[PDB]
Amino acid sequence: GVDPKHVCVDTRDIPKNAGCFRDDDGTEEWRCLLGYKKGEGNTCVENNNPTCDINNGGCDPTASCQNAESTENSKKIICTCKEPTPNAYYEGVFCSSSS
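Using the entry's author numbering, the first residue of the sequence shown is number 1, and each one after it goes up by one.
1) Measuring CB atoms only, is the stretch 48–67 touching the stretch 76–93, in the sense that at least three cross pairs come out at less than 8 Å?
2) Taking buried to mean at least 16 other C-beta atoms within 10 Å of its own C-beta, is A68 buried or exposed?
3) Mark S98 as exposed unless 16 or more other C-beta atoms lie within 10 angstroms of its C-beta, in which case mark it buried.
4) Measuring CA to CA, which of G19, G1 and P15 is closest to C8?
5) With distances taken from CA atoms, which of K37, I54, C52 and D53 is nearest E46?
6) Starting from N56, trace the alpha helix (DSSP H) both ways and give me its first and last residue.
7) Taking just the CA atoms, how far does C52 sit from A63?
8) Less than 8 Å separating the beta-carbons of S96 and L33?
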């Protein structure tokens, strides 16, 4: 349990429209940046029509998801990590609630 700043060292090749995060438990995972979705299993691709539903729109359940529509795909899904999550895994695609 710590503030989400764990950063990452994951996976051979993490998708360009993606980012990896290595969590508190020591896990190594990657996800698809906000306003993006999963393509060929291990690729992230700009969704440009993101909905809140899909992993909170691309957020972490500890990242308050707000569905919105903006010129930017990354500005469509709003991921807000709460007080016990002072940090965000990448853009808020994931967060850690144990700081």
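For every residue, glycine included, the Cβ atom is placed at its ideal position computed from N, Cα and C.
The relevant details are as follows:
1) yes
2) Exposed, because fewer than 16 other Cβ atoms sit within 10 Å of the Cβ of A68.
3) So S98 ends up on the exposed side.
4) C8 has its Cα closest to that of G19, out of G19, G1 and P15.
5) Of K37, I54, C52 and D53, the residue nearest in Cα terms is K37.
6) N55 to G58
7) 12 Å
8) no
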